[PDB]
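Asker: Protein chains in written order, with the authors' numbering: chain R, 2 to 131; chain G, 2 to 286; chain C, 393 to 521; chain B, 393 to 520.
All C-beta atoms, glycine included, are put in the ideal place defined by N, C-alpha and C.
I'd like to ask some things about the structure below.
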Amino acid sequence: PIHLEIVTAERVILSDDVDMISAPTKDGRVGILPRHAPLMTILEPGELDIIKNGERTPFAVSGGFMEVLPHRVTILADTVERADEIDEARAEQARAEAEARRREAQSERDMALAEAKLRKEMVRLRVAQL
Amino acid sequence: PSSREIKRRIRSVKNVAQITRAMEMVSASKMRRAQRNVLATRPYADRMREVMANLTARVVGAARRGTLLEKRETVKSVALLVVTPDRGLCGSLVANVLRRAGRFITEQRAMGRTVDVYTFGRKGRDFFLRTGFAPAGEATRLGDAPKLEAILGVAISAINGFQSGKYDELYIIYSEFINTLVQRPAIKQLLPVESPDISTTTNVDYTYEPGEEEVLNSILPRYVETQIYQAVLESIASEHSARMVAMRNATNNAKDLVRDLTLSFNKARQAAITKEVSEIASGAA
Amino acid sequence: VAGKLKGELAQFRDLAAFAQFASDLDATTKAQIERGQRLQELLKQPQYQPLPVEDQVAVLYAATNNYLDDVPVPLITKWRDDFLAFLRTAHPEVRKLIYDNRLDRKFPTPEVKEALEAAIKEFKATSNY
Amino acid sequence: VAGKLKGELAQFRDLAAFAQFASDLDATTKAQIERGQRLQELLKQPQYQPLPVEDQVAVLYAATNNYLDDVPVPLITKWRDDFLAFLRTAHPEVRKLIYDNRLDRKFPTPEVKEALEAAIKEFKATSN
């Protein structure tokens with residue numbers, strides 16, 4: 002019954018309501034519950050746990066911070082991963098990030114963007130007799 | 002003025018308008034995603050902004066206010082960040098940010114402090130190389146939606162030099178996104194002094210599990226990276242808006258040129274046909 | 393049949409300057425450009441090869457509906473040429489059926505519609521592209 | 393000698409399109425445009441100053457054989473004038489040799505090739 006927010010430098014991962022947090026604290030793992038006492042802590046490369054009515058989703062956090070307040074619990078984790086996509090083996094998002102992304106998002110754009118700059122540049126000297 | 006050479010001019014300029022028409026909308030499409038990326042990154046910067054405000058309020062001792070937050074005395078050497086679009090056709094945005102950086106450099110040299118610049122994008126990189134003031138660090142070929150890892154190659158070097166005493170203050174010059182039509186350069190302090198304009202939110206205290214110093218030393222490098230990441234991403238959105246404005250102006254200029262050339266082509270053909278009937282009538286008589 | 397043909401050709405001509413930038417464009421814009429390119433390739437015709445009215449009707453019905461989308465652009469002409477042979481040999485009756493009711497006020501019709509649909513589906517299933 | 397001159401000048405006219413706008417070209421294109429500028433400036437002859445065949449041949453040989461690459465474009469004309477003065481005073485014999493055997497099928501004779509490149513190097517050492 003505490004508002005959880007997993008925010009990353011690229012996007013927001015999850016912002017739902019959470020029962021319990023098994024945070025990987027630097028000195029030692031701590032539990033975070035609906036009305037936990039105020040806290041803000043560094044994380045270490047580890048495996049954070051979120052409990053949804055008895056179900057655990059390994060939101061492994063490469064690292065970052067976590068500010069806990071009696072009202073909400075924002076995850077300042079600088080880098081966080083997920084054991085989804087067959088424990089990241091399928092890496093469906095990464096799969097697209099490899100093809101659907103990082104292949105056509107910029108490389109297709111860059112060649113097309115540079116190509117337009119060409120036929121722009123060459124035509125101006127071809128019309129450089131007006 | 003031969004009623005055919007102007008026709009080639011009309012065809013060429015009409016091509017230019019069509020190319021610029023494509024240029025205007027592709028930048029606008031990338032403008033939409035750049036603004037979308039800015040909005041997505043906003044919670045990450047905003048959420049930790051009050052964390053600095055909360056942390057800076059807790060730590061007040063000058064001796065323990067070490068590492069990046071040290072407000073160094075007798076300033077000697079400041080490193081400044083310039084972010085520039087990789088390609089041209091942006092408009093006055095490239096000139097404005099370089100002029101803003103040039104003014105800032107001259108002001109500091111008047112103060113007696115030596116300057117250094119770290120550049121993002123090729124445009125800023127070549128400009129300083131031609132000036133003769135070689136940047137110590139550069140990061141070109143940045144994508145339309147670059148990741149935080151891309152800027153780490155420059156930010157880490159800036160912070161390490163700051164920690165080692167090579168640099169005592171750190172700045173950024175970025176194309177601030179005011180509106181879709183106005184993109185003014187902006188200067189921001191990177192020395193992590195404090196960010197309490199949010200009134201430190203609730204200003205709630207915390208139990209620093211790794212410790213006061215450890216939390217401070219692990220958040221300041223992250224804070225400046227987020228500030229650089231936002232500024233570079235803001236510059237990307239400002240770049241596309243500036244390119245969109247330049248293309249829209251160019252398209253209108255091209256369209257005006259077409260009408261101007263059309264009238265000259267029209268007049269030439271009437272002048273030619275007036276001659277064309279002239280001698281044949283004269284030859285007939 | 394050809395009202396949709398004319399409309400799609402006009403739309404593609406409106407976006408003809410974006411043919412070489414179709415990759416980084418809207419999905420609907422890319423689809424329209426692809427459809428226009430397929431149509432222009434379809435309208436390509438060799439010399440001394442007249443097509444009767446019923447055959448052109450069948451080809452245009454196949455083109456307007458989403459049937460040639462899977463067929464690549466460079467092979468649209470060969471697709472059409474092979475489909476004409478298929479109609480001429482495999483289904484001689486559908487061409488006559490189209491020609492007989494070409495003057496009917498309601499062109500689509502229910503019978504001819506199913507006959508031509510079945511012929512097109514059979515041709516596309518038997519052929520590979 | 394002038395086949396390379398004509399080819400390089402035409403190529404430079406072709407690459408003027410990239411010269412006008414693009415400044416990200418690699419070093420080979422930069423040197424290509426620089427050589428084209430060298431040649432086109434070298435063509436900037438003044439009025440009432442004709443040059444005999446031997447002088448033009450020697451100057452074009454010096455330019456095409458990369459002996460003029462280090463000279464900046466604004467000073468190339470003065471460099472050429474000084475080179476003509478050098479040939480008219482220091483080494484008239486190389487001019488006489490060049491003019492004597494300008495009709496040979498293979499002009500770059502080793503005898504012709506020497507005492508000319510050496511003269512070019514001597515002039516380069518003398519001035520700048």
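Listing by chain order, which chain B residues have their CB less than 7 Å from the CB of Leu126 of chain R?
Answerer: In chain order: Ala408, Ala409 and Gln412.
Asker: Does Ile229 of chain G come out as helix, strand or coil in the three-state DSSP assignment?
Answerer: If DSSP states are grouped into helix, strand and coil, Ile229 of chain G belongs with the helices.
Asker: Beta-carbon separation of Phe128 of chain G and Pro136 of chain G under 7 Å?
Answerer: No, these two residues do not count as a Cβ contact at 7 Å.
Asker: Closest to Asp198 of chain G by CA distance: which of G:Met26, G:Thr57 and G:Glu71 is it?
Answerer: The shortest C-alpha separation from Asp198 of chain G is found at G:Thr57.
Asker: Could you say which of R:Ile51, R:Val69, R:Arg83 and R:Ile52 lies nearest to residue 176 of chain R if we only look at CA atoms?
Answerer: Within the shown structure, residues of chain R are numbered from 2 to 131, placing residue 176 of chain R beyond reach of any answer.
Asker: Note down, in chain order, every chain C residue with its Cβ under 9 Å from the Cβ of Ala113 of chain R.
Answerer: In chain order: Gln412, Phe413, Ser415 and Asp416.
Asker: Going by DSSP in three states, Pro186 of chain G sits in which element: helix, strand or coil?
Answerer: Strand, per DSSP.
Asker: Chain R partners of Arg50 of chain G, CB-CB under 7 Å?
Answerer: The premise fails here: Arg50 of chain G is roughly 11 Å from chain R at the closest Cβ pair, so nothing lies under 7 Å.
Asker: Using three-state DSSP, classify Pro438 of chain B as helix, strand or coil.
Answerer: Reduced to three states, the DSSP call for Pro438 of chain B is coil.
Asker: Can you name, in chain order, every residue of its own chain whose Cβ lies under 8 Å from the Cβ of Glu400 of chain C, other than the five neighbours on each side?
Answerer: So the qualifying residues of the chain are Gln424, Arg427, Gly428, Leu431 and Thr456.
Asker: Tell me whether the segment 149-159 of chain G and the segment 227-238 of chain G touch, counting them as touching only if at least three CB pairs, one residue from each stretch, are closer than 8 Å.
Answerer: Because the criterion of three Cβ pairs below 8 Å is met, the segment 149-159 of chain G and the segment 227-238 of chain G touch.
Asker: Check the C-beta distance from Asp145 of chain G over to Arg110 of chain R and give it rounded, since I have them as a contact under 8 Å.
Answerer: At roughly 6 Å, the Cβ-Cβ gap stays under 8 Å, so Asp145 of chain G and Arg110 of chain R are in contact.
Asker: Nearest CA to the CA of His37 of chain R: which residue from R:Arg104, R:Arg96 and R:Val69?
Answerer: Per the Cα distances, R:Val69.
Asker: Starting from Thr42 of chain R, trace the beta strand (DSSP E) both ways and give me its first and last residue.
Answerer: Here the beta strand (DSSP E) through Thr42 of chain R covers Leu40 to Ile43.
Asker: Expressed to the nearest angstrom, what Euclidean distance is found between the alpha-carbon atoms of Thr208 of chain G and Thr75 of chain R?
Answerer: About 16 Å.
Asker: For the alpha helix (DSSP H) that contains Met53 of chain G, what are its first and last residues?
Answerer: Start and end: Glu6 to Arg59.
Asker: Provide the residue span of the alpha helix (DSSP H) that contains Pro502 of chain B, from first to last.
Answerer: Its alpha helix (DSSP H) spans residues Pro502 to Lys505.
Asker: Just list the residues that DSSP pairs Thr120 of chain G with in beta bridges.
Answerer: Answer is G:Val83 and G:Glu139, bridged to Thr120 of chain G.
Asker: Three-state secondary structure (DSSP) at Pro59 of chain R?
Answerer: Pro59 of chain R: strand per DSSP, three-state reduction.
Asker: Taking the alpha carbon of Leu234 of chain G as the point to measure from, which residue in G:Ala29, G:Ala255, G:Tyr175 and G:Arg131 has its own alpha carbon closest?
Answerer: Cα-wise, what sits closest to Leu234 of chain G is G:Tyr175.
Asker: Excluding sequence positions up to five away, which residues of its chain have a Cβ less than 7 Å from the Cβ of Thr421 of chain B?
Answerer: Here the set comprises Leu407 and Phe410.
Asker: Pairing CB atoms from the segment 71-81 of chain G with CB atoms from the segment 155-175 of chain G, are three or more of them under 8 Å?
Answerer: Flag = yes, the segment 71-81 of chain G and the segment 155-175 of chain G touch.
Asker: Counting only beta-carbon atoms, is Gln36 of chain G nearer than 7 Å to chain C?
Answerer: No - not a single Cβ of chain C is within 7 Å of the one on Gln36 of chain G.
Asker: Can you say whether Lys498 of chain C is buried or exposed, counting buried as having 16 or more other CB atoms within 10 angstroms of its CB?
Answerer: The residue in question, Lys498 of chain C, is exposed, as its Cβ has fewer than 16 Cβ neighbours within 10 Å.
Asker: Can you check which of these residues, B:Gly395, B:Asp416, B:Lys398 and B:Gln403, is closest to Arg131 of chain G by C-alpha distance?
Answerer: The residue with the shortest Cα to Cα distance from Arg131 of chain G is B:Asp416.
Asker: Strictly under 7 Å for the Cβ-Cβ distance: is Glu100 of chain R near chain C by that measure?
Answerer: No, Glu100 of chain R does not count as interfacial toward chain C.
Asker: Can the beta-carbon of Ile160 of chain G be found less than 7 Å from the beta-carbon of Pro222 of chain G?
Answerer: Yes, they are a contact pair.
Asker: Under a Cβ-count criterion, where at least 16 other Cβ atoms within 10 Å of its own Cβ denotes burial, should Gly32 of chain R be classed as buried or exposed?
Answerer: Exposed is the call here.
Asker: How would you list, in chain order, the residues of chain C whose beta-carbon sits under 7 Å from the beta-carbon of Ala23 of chain G?
Answerer: Residues of chain C passing the Cβ test: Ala409, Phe410 and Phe413.
Asker: Establish whether the CB of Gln107 of chain R and some CB of chain G are separated by less than 7 Å.
Answerer: Yes, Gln107 of chain R counts as interfacial toward chain G.
Asker: Alpha carbons only, please: which of G:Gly89, G:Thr42 and G:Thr275 is nearest the one belonging to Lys124 of chain G?
Answerer: Of the listed residues, the one whose Cα sits closest to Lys124 of chain G is G:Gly89.
Asker: Under 8 Å, with one C-beta from each stretch per pair, do the segment 3-19 of chain G and the segment 250-257 of chain G reach the 3-pair mark?
Answerer: Touching, yes, given that three or more Cβ pairs across the two stretches are closer than 8 Å.
Asker: Does the separation of the CB atoms of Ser265 of chain G and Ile11 of chain G fall below 7 Å?
Answerer: No, these two residues do not count as a Cβ contact at 7 Å.
Asker: Is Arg104 of chain R close to chain C? Criterion is C-beta to C-beta, closer than 7 Å.
Answerer: Not closer than 7 Å to any Cβ of chain C, the Cβ of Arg104 of chain R fails to qualify, so no.
Asker: So if DSSP puts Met67 of chain R in a beta bridge, which residue, or which two residues, is it bridged to?
Answerer: Bridge partners of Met67 of chain R: R:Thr42 and R:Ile76.
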